[PDB]
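Going down the list, the sequences are from chains B and A.
Residue 57 in PDB author numbering is what sits at position 57 of the first sequence, and the numbering runs on without skipping anything.
Residue 39 in PDB author numbering is what sits at position 40 of the second sequence, and the numbering runs on without skipping anything.
Worksheet for the structure shown next.
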Amino acid sequence: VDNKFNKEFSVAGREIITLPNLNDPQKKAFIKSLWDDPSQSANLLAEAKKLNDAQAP
Amino acid sequence: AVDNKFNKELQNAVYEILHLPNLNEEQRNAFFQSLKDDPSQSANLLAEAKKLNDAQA
């Protein structure tokens, strides 16, 4: 089966880099994790959003 | 037998390609699929992506 996780990578990664309160190394860490195991896209995006929401001004 | 992982070059290319504001989703997916199949071509693919981003601004 082709899980189409290449497309899942693109959609989730674009969302991660538009989170305004994540710093540069945080975003890059998330992207690296997403690239390596796109099966975890939902877990990673949720962790990134919670962290972004928690780092709000 | 050198093992070229391209860890840095690939992550740089992916991260820049995700920020290019004028690419469409289909274009991003095509670049990421090509990067995953041939990681040695990260520079050529990133340069093509930047050319499209500019031509679509």
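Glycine is no exception: its CB is placed at the ideal position from the N, C-alpha and C atoms.
8 Å is my cut-off, CB to CB: does residue i come that close to chain B?
i, result
"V1/A", "no"
"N21/A", "no"
"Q55/A", "no"
"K35/A", "yes"
Please return the same chain residues whose Cβ sits closer than 7 Å to the Cβ of residue i, not counting the five positions on each side in sequence.
i, result
"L51/A", "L22, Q26"
"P38/A", "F5, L9"
Beta-carbon of residue i versus every beta-carbon of chain A: anything under 8 Å?
i, result
"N21/B", "no"
"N3/B", "no"
"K32/B", "yes"
"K28/B", "yes"
Suppose the cutoff is 6 Å on Cβ atoms and the five residues either side in sequence are ignored; what does the same chain contact list for residue i look like?
i, result
"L22/B", "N52"
Open item on the list: Can you confirm whether the segment 5–12 of chain A touches the segment 21–37 of chain B when touching is taken to mean that 3 or more C-beta pairs between the two stretches lie within less than 8 Å?
Closed with: Contact between the segment 21–37 of chain B and the segment 5–12 of chain A is established, with three or more Cβ pairs separated by less than 8 Å.
- [ ] May I ask you to verify whether the segment 40–55 of chain B touches the segment 25–41 of chain A, counting CB pairs closer than 8 Å and requiring at least 3?
- [x] By the Cβ rule, the segment 40–55 of chain B does not count as touching the segment 25–41 of chain A, because fewer than three pairs are nearer than 8 Å.
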